[PDB]
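> Pasting an experimental structure with its sequence.
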Amino acid sequence: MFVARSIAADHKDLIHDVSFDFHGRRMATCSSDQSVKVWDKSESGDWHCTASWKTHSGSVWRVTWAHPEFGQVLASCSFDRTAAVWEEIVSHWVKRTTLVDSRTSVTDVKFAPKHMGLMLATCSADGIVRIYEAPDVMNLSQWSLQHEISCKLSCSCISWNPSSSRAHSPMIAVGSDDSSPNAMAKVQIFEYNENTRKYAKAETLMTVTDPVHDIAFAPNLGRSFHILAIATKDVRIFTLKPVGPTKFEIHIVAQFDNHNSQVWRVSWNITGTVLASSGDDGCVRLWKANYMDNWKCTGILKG
Amino acid sequence: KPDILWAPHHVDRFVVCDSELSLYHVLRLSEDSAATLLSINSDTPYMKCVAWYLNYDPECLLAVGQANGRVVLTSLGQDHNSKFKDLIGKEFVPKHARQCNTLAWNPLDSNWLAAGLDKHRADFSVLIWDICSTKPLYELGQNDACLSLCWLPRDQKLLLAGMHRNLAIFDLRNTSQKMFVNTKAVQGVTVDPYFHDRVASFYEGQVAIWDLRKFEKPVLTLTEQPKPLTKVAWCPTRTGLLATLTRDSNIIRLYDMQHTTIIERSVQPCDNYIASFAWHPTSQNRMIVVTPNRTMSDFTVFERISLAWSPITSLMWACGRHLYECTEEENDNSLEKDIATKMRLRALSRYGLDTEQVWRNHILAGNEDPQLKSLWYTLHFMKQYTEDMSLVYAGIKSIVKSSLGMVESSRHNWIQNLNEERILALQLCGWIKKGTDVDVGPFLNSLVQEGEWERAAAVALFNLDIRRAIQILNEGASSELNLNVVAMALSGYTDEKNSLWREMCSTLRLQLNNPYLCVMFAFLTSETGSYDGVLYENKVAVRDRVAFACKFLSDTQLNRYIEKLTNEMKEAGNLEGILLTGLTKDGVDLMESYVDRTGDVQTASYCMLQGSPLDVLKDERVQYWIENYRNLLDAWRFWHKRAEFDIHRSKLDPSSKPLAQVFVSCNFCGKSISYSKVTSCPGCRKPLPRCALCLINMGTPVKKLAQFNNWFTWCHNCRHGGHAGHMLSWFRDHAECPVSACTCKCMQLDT
Ligand SMILES: [Zn+2]
Ligand SMILES: [Zn+2]
Ligand SMILES: [Zn+2]
Ligand SMILES: [Zn+2]
């Protein structure tokens, strides 16, 4: 049902990460020479360039956007133990802050859902997950550190819980990529406690006992549960149902093997019904649900 | 160990060493790739180590060492114009009986290739022998066995060798001057073209990496593998890639040395074991491998892929240096589009915003979904009885719950005599027209004209009209067949005892395909009192079964059936149940199950707003759906549609308050000037602020009476105001605040 096309965009190096904005008119890409580019669309449909600048000391893994009610804000995380925040002044992006609390390489950075303010969580390779806030939305040079979480493993990916209902407390999930020859669980979920004002472990997926390269949540849209997606040697989909931290009834609904390799990335769409996956065979596959609530492949695209 | 060597100056011609020398030029390598052989030479017995000539001339010329020790440069191509055939087939006998281990032509010189023999006692191993166009020109390496040797890619006077248990480096100027550093790996010594000062070596299941500048200890140590390594090399096309292969393995091990953590990866070329592999000198990210079944496939080592979605439901991904997009893009006119596209198109068609005739939304929806016709027809029927006439939106199960008085009938003497509580039910079902009408004639006459006869047959029979249905099932039963034959049996009926007709009529029923005649036969083959066959059938619309129940069951039997059906409807999520649940608490569970099933918030938002009571609109689950729909409309940049929805939602539901914004306050009171000169403050009667262009006080009365050109307008950064028309005219040709000694570009702060 899907058809592929090439996009006219000149790059000189290899791309590490791609990201979009809320409306889908800008994008940011980071390359091998430590450069970030911001691409703008047009009425005709072509893409043009607007900025280009070298950022960090070491290699740059990630770049992410922010909600437009806060301005034009970008966040990047790199190998030299820092994460940075960029803002647009009109057009030359400037630096605002540099988070240096880490002692090893930062692997992932993510902005928080809107209704909690302007918040940002990073994660490192020593087993620490940290959370920052900005109490003034018109002063992005002043940030604060609020929580620390010790995971006793090597973090490799994080994801927030998009749900904004009044009955869901804030949630976060952390994966691990350690290859230690043992049988420890490699995905745990942390939940906020409104009474003690701390974060506490709530569940631990004990069936995932293999290396994990990516996790992702899916938008609520008013459902009764949560949908989670994992990226290990196979693609799996879990569900959590609500029933001291709350209790869940974790099920499983999907376990696919059609890559014969290690899948690297998983990403959902705005409604939360279609899934994308990228494996080490150079193909991108899309999955959907069916009438019988059974997940079946939809399309196969070769890069 | 058969290995593959790519031709020095051919991009499609590949050489794969086997029992007999073989060259192939581009064996279906891939779906659209084929390999063709050129020539085969078999003069070399017991080959151990091989090499190819560096110079383009001669072409397809390779130098190979046998097991007895013979090195006779051999050509394979169609050569009839040899520049010098003095070496054609010519050997060069070494002074000792042994087998050559490895030989490499020097990078700088075309005709120089040094080879290292086995572990001799007191006779050399690695010597420089000139190919010209009798004895070696330089031999060294006493008390050592040349497991491997290599040439310096940049230096014209340097080389390195692998002794039995140590690594040594040799130079052209001097022979005995060397730097010896012991190591556990002495096999697979090579130089990466990008990084000259890097070295590698392999030790059984372990692999080591070294740097030439500080070659004292390994820079990195890789994980030990189960099977022993077979060949180590470097990628020629992409920088910072090194690979290792094993024995009886189908997926290779690839590792990148671009860290300064070394990213590990594996590629599976096929489903069979690969004997060896090689990297084509010019082809980008291409590997040529062979299998012992005389079948070859050129694999590739892809780069990682990144992903990103957009609200328009288009997916964009990056592969290396390029960007690709994908979407449905009107691929076809088939069914099963994702719900996001459906809702966007429905939003462009003004779906659910028809108030005069409710049932048109199901043709505005798009394709034919049987649930969205039942729901909208039910909501259409629920409004006439309300306009013509609060108890209606509670549902069937509430109107029937108060039923009192009835009589179970056991005779069949072939509607106004029954309770009004079951008359409103039948009105909602749509069997009869609204009012005191006594005949189902209109419904039957409307069903027949639409082509559907059998359903009309069942309805006409259910209210005791066998002979008045005989026509309905055999008159319109010739054009477009069977039906006469199907209804021949019909005339055998009507309440006998155990007999030949009733005995088998209830047994062969399942042979007939269509449902409605199955239920129609189900009726008359049942013990008077029980109707399980007619009341539990999933291929008959809830409408007809509910009507049948409301016409035939008893007061204390109806209420259990309604409860069971409603529980099934709620747990299922079928939208046809609104006729039973109604717009009450239970309707919220039904809608919630529907949303969990399909994720459609548009129908929920436009349905729950249709005259629901103020108790259910306050449930904190409808508001979540409405807000999610509004946010979806915002994302697609559909801003006038959102305001249109907001107007129609504030008209109906008055619980929610509109947006909260700023207001203007008087300078002398502090109170608001919102809602007796029009110009003065309503509180203190003191002048309001004056316009910066016409210098006349602002104000508005509180044909048109307050037009747009006289509204307040102010910058939110410097707080200087004026009339709307005046400021609109000023900010066309200038860009600065009209007030003197100000600096704002009061219009550029947004655009
Ligand atoms: Zn006043
Ligand atoms: Zn201003
Ligand atoms: Zn001003
Ligand atoms: Zn004015």
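Happy to help now that I have it. Numbering: from 1, shown residues only, chains lettered A, B, ... in the order given. Ligands and ions are numbered 1, 2, ... in the order given.
> Residue B:102 contacts residue B:49, doesn't it?
Yes - when contacts are counted by Cβ atoms under 8 Å, residue B:102 is listed as touching residue B:49 (5.3 Å). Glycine gets a C-beta too; all of them are placed from N, C-alpha and C.
> Who are the contact partners of the residue nearest to the spatial centre of chain B?
For chain B, the residue sitting closest to the mean C-alpha position, by Cα atoms, centre = their mean, is residue B:315 at 8.0 Å. By Cβ atoms under 8 Å, 6 or more residues apart in numbering or on different chains, the residues touching residue B:315 are A:2, A:269, A:276, A:284, A:286, B:307, B:308, B:309, B:325, B:326, B:327.
> Let's see which of these end up in strands.
A:276, A:284, A:286, B:307, B:308, B:309, B:325, B:326, B:327 (DSSP state E).
> mind giving me JSON lines with those residues and columns for neighbour count?
Below are the ones in strands among the contacts of residue B:315 laid out as JSON lines (neighbours: other Cβ atoms under 10 Å in any protein chain shown):
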{"residue": "A:276", "neighbour count": "24"}
{"residue": "A:284", "neighbour count": "23"}
{"residue": "A:286", "neighbour count": "18"}
{"residue": "B:307", "neighbour count": "22"}
{"residue": "B:308", "neighbour count": "20"}
{"residue": "B:309", "neighbour count": "17"}
{"residue": "B:325", "neighbour count": "16"}
{"residue": "B:326", "neighbour count": "19"}
{"residue": "B:327", "neighbour count": "18"}
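> need those in JSON lines with distance to residue B:121, can you?
Shown next, in JSON lines, are the ones in strands among the contacts of residue B:315 (distance: Cβ to Cβ, whole Å):
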{"residue": "A:276", "distance to residue B:121": "65"}
{"residue": "A:284", "distance to residue B:121": "61"}
{"residue": "A:286", "distance to residue B:121": "67"}
{"residue": "B:307", "distance to residue B:121": "63"}
{"residue": "B:308", "distance to residue B:121": "67"}
{"residue": "B:309", "distance to residue B:121": "71"}
{"residue": "B:325", "distance to residue B:121": "69"}
{"residue": "B:326", "distance to residue B:121": "68"}
{"residue": "B:327", "distance to residue B:121": "74"}
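> Backbone torsions only: list them for the residue of the stretch 551-700 of chain B found nearest ligand 3.
In the stretch 551-700 of chain B, the residue that lies nearest ligand 3 is residue B:692 (8.5 Å; Cβ to the ion). When read as degrees, to the nearest 10, the backbone of residue B:692 gives phi -80, psi -10.
> That one and residue B:727: what is the separation?
Distance, residue B:692 to residue B:727, by Cβ to Cβ, to the nearest Å: 8 Å.
> Nearest to ligand 3 within the stretch 151-300 of chain A, name that residue for me.
residue A:164 (38.1 Å).
> That residue: what secondary structure?
coil (DSSP: H, G, I helix; E, B strand; the rest coil).
> ok now do it, which residues does it touch?
Here residue A:164 is in contact with A:113, A:114, A:115, A:220 (criterion: Cβ under 8 Å, 6+ apart).
> List the single closest residue to the second one in space, sequence neighbours excluded.
So the one you mean is residue A:114. Spatial nearest neighbour of residue A:114, chain neighbours left out: residue A:67 (5.2 Å); criterion: Cβ to Cβ, 6 or more residues apart in numbering or on different chains.
> shared neighbours, residue B:692 and residue B:727?
residue B:738.
> Number of residues surrounding the nearest residue to residue A:184 once chain neighbours are set aside?
Using Cβ to Cβ, 6+ apart and skipping residues adjacent in sequence, the residue nearest residue A:184 is residue A:209, 6.9 Å away. Using other Cβ atoms under 10 Å in any protein chain shown, residue A:209 has 14 neighbouring residues.
> you'd agree the residue nearest to residue A:114 is up against residue A:23?
No - assessed by Cβ under 8 Å, residue A:67 is found out of contact with residue A:23, at 10.8 Å.
> how many neighbours does the residue in chain B positioned nearest to ligand 4 have?
At 2.9 Å from ligand 4, residue B:691 is the closest residue in chain B, using Cβ to the ion. Here the count is done by other Cβ under 10 Å, and residue B:691 has 18 residues near it.
> check contacts around it.
Neighbours of residue B:691 in contact, by Cβ under 8 Å, 6+ apart: B:697, B:698, B:721, B:722, B:723, B:726.
> returning to what we had before: which one of the contacts of residue B:315 is nearest residue A:85?
For the contacts of residue B:315, the closest approach to residue A:85 (Cβ to Cβ) belongs to residue B:308, at 20.5 Å.
> Who does the closest one form a beta bridge with?
Applying DSSP bridges to residue B:308 gives these bridge partners: residue B:316.
> Quick check, it in contact with residue A:26.
No - counting by Cβ under 8 Å, residue A:26 is not a contact partner of residue B:308; they are 11.4 Å apart.
> Find residues that contact each of the two.
With Cβ under 8 Å, 6+ apart as the test, residue B:308 and residue A:26 both reach residue A:20.
> Please identify the helix or strand for residue A:5.
Using DSSP states H and E, residue A:5 sits in strand A:3-7.
> buried stuff in that strand?
Neighbour counts using 16 or more other Cβ atoms under 10 Å in any protein chain shown place residue A:4 of strand A:3-7 among the buried residues.
> Remind me what it packs against, helices and strands.
Packed against strand A:3-7, as judged by 3 or more Cβ pairs under 8 Å, 6 or more residues apart in numbering or on different chains; DSSP states H and E, are the following elements: strand B:322-327.
> Please enumerate the strands of the stretch 301-450 of chain B.
B:305-309, B:315-319, B:322-327 (DSSP state E, counting those that start in this stretch).
> between these, which gets nearest to residue A:103?
Among the strands of the stretch 301-450 of chain B, strand B:305-309 sits nearest to residue A:103 (Cβ to Cβ), with 27.6 Å.
> distance of the residue nearest to residue B:286 when sequence neighbours are not counted from residue B:233?
Leaving aside its chain neighbours, residue B:286 sits nearest to residue B:280 (5.1 Å; criterion: Cβ to Cβ, 6+ apart). Using Cβ to Cβ, residue B:280 is found at 12 Å from residue B:233.
> ditto for residue B:666
84 Å.
> likewise residue B:527?
Counting by Cβ to Cβ, the gap from residue B:527 to residue B:233 is 85 Å.
> now do residue B:732
69 Å.
> Compare the two and say which is more crowded by neighbours.
residue B:233 (17 against 9).
> Check whether that one really touches residue B:276, as I assumed.
No - judged on Cβ under 8 Å, residue B:233 makes no contact with residue B:276 at a distance of 10.1 Å.
> coming back round to it: need the next SSE after the strand holding residue A:5, C-terminal direction.
strand A:15-20.
> who does that next one pair up with?
With DSSP bridges as the test, strand A:15-20 is paired with strand A:26-31 (antiparallel).
> of all of the stretch 151-300 of chain B, which residue lies closest to ligand 2?
For the stretch 151-300 of chain B, Cβ to the ion, closest residue to ligand 2: residue B:258, 51.1 Å.
> show me the contacts for that residue.
Applying Cβ under 8 Å, 6+ apart, the residues near residue B:258 are B:239, B:240.
> which SS state does it fall under?
coil.
> Tell me how far residue A:297 lies from residue B:309.
Following Cβ to Cβ, the distance that separates residue A:297 from residue B:309 is 18 Å.
> same deal with residue B:617?
From residue B:617 over to residue B:309 (counting by Cβ to Cβ), the distance is 33 Å.
> and residue 129, how many neighbours does it have?
Chain wasn't specified; assuming chain A. 20.
> Can you look at chain B instead?
20.
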